[PDB]
Structure formats: C-alpha cells, structure tokens
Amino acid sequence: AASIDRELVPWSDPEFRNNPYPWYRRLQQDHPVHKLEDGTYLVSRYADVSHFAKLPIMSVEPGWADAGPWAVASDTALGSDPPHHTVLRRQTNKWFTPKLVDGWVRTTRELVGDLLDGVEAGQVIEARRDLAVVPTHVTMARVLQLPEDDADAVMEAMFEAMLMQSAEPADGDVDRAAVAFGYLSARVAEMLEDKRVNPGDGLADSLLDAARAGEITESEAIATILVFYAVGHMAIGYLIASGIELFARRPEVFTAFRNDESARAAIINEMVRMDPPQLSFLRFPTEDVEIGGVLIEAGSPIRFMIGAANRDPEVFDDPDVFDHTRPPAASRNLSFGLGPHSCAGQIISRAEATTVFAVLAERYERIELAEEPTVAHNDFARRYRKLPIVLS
C-alpha cells in the first residue's frame, strides 16, 4: 500500500538522497502520473511538466496554508497567483535587466579575484564557502544595499529552514525552521530600522519606497526583502559548487570553457540540467484536470518532478551524460521552473556562475579535488557542505 510508494520513491533513503536519478528512471517510465497514499500526484514526464505546470488553473496559494515558520515568506511572489503575482514580480524584475546584471556581477568578479590573489600554488581552497556562498551572498546584499557580513549565519539558517520542505520531514524540522526564520526576521527587522533612518538607493530601498507609495504593502516589501537577502547565496551557491566539481571530474569541459567564450552559456545550462538544486515543486489545481490518463481532483497537490523530467529520454538523448554540444531545443531544462513563477533570479544566477567560472578560467588551467566532497542532500533540495579544491 504505502510500500509501493517506498519501492518507487523512498524519500528518506540515504542512497536516494545521494542520487535519486535511478529511482526517477523507473518512476517516469512505469508510473509517470502516480498517486501517493497521502493524495499527492507525482508528475514526472517532461511533456507533462511542461504543458501542465504553467496552466493558469495551477495555484500556489494552498501550499502556504499551514506554512508554519515559512509564513514569513508568504507575502512574496511565490505566494500569489496572477493577477496579484504580476504586481509583486515586477518590483524585482526591473532590478535585474541584463544591463543592470552586468553591473551587479562586478562584485562577484572583485571578490573571487581578491580571494585567488591570496592563494599560493597547491593551497587547498574550500570552494563551497569561498567561491560559492560568500561571493553570491555579498553580490545580492550589495544589490539590496544591506550589510554583507553575515553569510555564514544566513547560510546555516536557510539550511535549517529548508529541511521542512522534504516530503518526509524528521521530528524537529519544523522547530529548527522556527529558530532559523525567527533569526532571519530579527536580523532583517534590525537592518531595515537602520535603513529607515539612513536610506540608500538599493533594491531594499526600492521595495520600501514602493510600500510607502502603496504599490505594495509594508509586509510584501519586508518579506520580499527577506527572501532575496536569504536566498541570494542558496541554490546559486549549489550551482557554482556543482559546476566546480564537474570541471574537476571532466577537465576537458573546463578547458572548453576557458578557450571558447561562445560555448559557456551552453556549458552552464547543461550543468543546470543535470544537477538541479530544487528537485521539485508543488501546485494545486483550481478545477479537475486530466494528465497521463489519470483524473486529478480540484485541490489535490501536484508535485512536478523537475529533476526527473530533465532526464526524459523523449527529449534528451543519452540523458545521463554531460554534453554541452546539444542543439538549442532538446536543451531546454526545467531547473529554473516555468510559467509565471519561473525563477526571479534566473538572469543574475546565470551571470554569477559565468563570472566565477570566468575568473577561474582566466587564471588556471586545471581544477582538482583535494578529497571527496561533503554533501547534505534531501529529497527536495541539494546541498554541499564542503568542496576542497586545488587550482593549477
């Protein structure tokens, strides 16, 4: 009964957390629309995720009903369906046009440079903190115009907060998320009181101006500021780390990234395809909908399996192999999601990854692992703890 669920997707199994893709291979071929004992439908075919996930009947709002500690993020873009979604989303889009982005990642460039300047031949660099988390965190903090010194505490807070996004939380996880979020709310409250008294001209000032003007509410401003401030480092952090590891295991790819500027975007997009940091998302249909022959009742949670779908053989040949010379079309992945809740940090993310890899490219020819990486993945979200590298 609930043992067919455990055969197919054992959410807590350590090996499944390390590498689910072999479970996904079977989920997608044999049970591409699967009803779970608790009532959640898993949709795992690409054509299916692509067509159905963006339909206007797919609401985000019930996902936030008993959010607990996550209630603090609910007055942001991901907690609203259109038409109110558009009003929020627009407030951050106008800060990440591609020209503005080129500006923001200068910060990322400086910082990776300052760090490599202080390294000696053969010195083991801990890539996760020093090339992924701090640079991206500080970059976003400077866009917002907020203090930039708390990367380490912001990351552990969000590590803890994310555990309750698992389909199978452990006893205690909701409680760890209360600790984390109450920490992030207090720090944001503190920085914003300092900002009310001494305004800047950053994205936080823009959202606060917007609330004083009535374009959004005070609460949407505060919450939108907190989400960006706290996730500035997070899934993009994972991506940069993942790319660094792949460069080390497949050095010809790093070489290709060094020597061919026009291949870079495609190299990054293949890294994104093959190792998405958020492995799924939930939507709740406002009316009955039929997918893959199964009728899904209005209100049922649907879980769209991004990771599963990025390996769909009816779209990508030899899906488990890294190949950056795929055509453009049979190289669209779902890692940044789709439809109106398509990632509001997609443009800056791609640029930050490009930039960090660029600075590495400019100075070194080889990346190597000093030890096996240390990971802390779950069934919803992937994570590195430590990625020790030697550059040469």
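Residue numbers here begin at 1 and follow the sequence given.
- Averaged over Cα atoms, the B-factor as recorded in the entry is higher for 25-33 than for the other of 25-33 and 350-358.
- Legend: mean Cα B-factor per stretch from the PDB entry, 189-197 versus 268-276; the higher mean is in 189-197.
- Taking the PDB entry at face value, the top CA B factor among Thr136, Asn259, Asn93, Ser242 belongs to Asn259.
- For the set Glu148, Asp130, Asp288, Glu156, the PDB entry puts the maximum C-alpha B factor at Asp288.
- Residue-level temperature factors show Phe52 in the middle third of its chain, judged at the C-alpha atom.
- In the PDB entry, a CA B factor belonging to the highest third of its chain's modelled residues is recorded for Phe322.
- Among the modelled residues of the chain, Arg212 sits in the highest third by CA temperature factor in this PDB entry.
- Ranked within its chain, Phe181 lands in the lowest third, by CA B factor from the PDB record.
- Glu126: CA B factor lies in the lowest third for its chain, per the PDB record.
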